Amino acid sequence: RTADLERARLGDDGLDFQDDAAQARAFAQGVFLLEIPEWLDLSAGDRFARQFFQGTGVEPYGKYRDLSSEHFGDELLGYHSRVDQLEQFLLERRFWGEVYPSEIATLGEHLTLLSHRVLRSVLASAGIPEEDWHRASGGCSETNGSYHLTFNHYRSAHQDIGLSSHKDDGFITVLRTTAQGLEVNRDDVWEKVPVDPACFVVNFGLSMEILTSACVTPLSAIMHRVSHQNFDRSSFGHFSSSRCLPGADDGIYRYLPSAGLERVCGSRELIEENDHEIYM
């Protein structure tokens, strides 16, 4: 029914779970709760998620409904109506300063540095050598990855599932949710993720699963979905991927213990393949 997730916070040494066993469960499941720093203001992001889809009559964020992928030269970006209840606004970090409201780009930057700290804690626990982190993470072990700040709205009038079962593409997703609907399939049973507006939900994407698939303790990309919503719902997430610019793709790698990194596919290629199976 309801998943019982481990809870972590970022501290002086990195990710702090209650004990080492709890960290191992969290990383093995591929999903856990992360305490939101008390200084971090999420209210503008919350408002953007409630407004982005409403058009230019609605201030200050409704106008982002009018920015489609054409305006960015990148089919992933801008406003997208999906086949499920979900509609989205997606923007990669290279456009945040120019295109997002200033306070929304600020939020994106805070989340990038928090996620960077989360990812480095995970890479260390996997025993991957530090000098391989940059290439293994497509730049996300520093701040050279591809980062999408993505706003979600579930149109409860559409007779669809909220968002189909899927795995995220990348290494780390930091998910901000304040209402029921998110479900996870940790072990062949769907379970509700408990709502705690004081925590983010963190999960691993396909790139984390590929990277660690040959390690002693492989880490999984959690299968998750959003159930059919009878009232409206919104949320947003920060997604870290191997640099996947249209002209500069850092590739997707698997770590072979005692050997090094082996290339599996392209970063954008993984995203296109994954977006395909999610929706059709």
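The first residue of the sequence shown is number 1, and the count goes up from there. Basically, rigid core = biggest C-alpha set you can superpose within 1.5 Å across the two forms.
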> Taking RMS over all structures and residues, which stretch has CA atoms farther from the shown form in 7 other deposited structures of this protein, 249-257 or 31-39, after a rigid core fit?
Replying inline: 249-257
>> Can you tell me whether 242-250 has a higher mean C-alpha B factor than 225-233 in this record, or the other way round?
In response: 242-250
> Got a sec? Mean C-alpha B-factor, which is higher, 146-154 or 195-203?
Replying inline: 195-203
> Which one, 58, 42, 215, 34, has the peak C-alpha temperature factor per the PDB entry?
Replying inline: 215
>> Given 176, 93, 116, 186, identify the residue with the highest C-alpha B factor in the PDB entry.
In response: 186
> Hey, what third does residue 29 fall into on Cα B-factor, ranked over its chain?
Replying inline: highest
> According to the PDB entry, is the CA B factor of residue 70 in the bottom, middle or top third of its chain, that is, lowest, middle or highest?
Replying inline: highest
> Based on the entry's values, in what third of the chain does the Cα temperature factor of residue 133 lie: lowest, middle or highest?
Replying inline: middle
>> Based on the deposited C-alpha B factors for this chain, I'd like to know if residue 220 is in the lowest, middle or highest third.
In response: highest
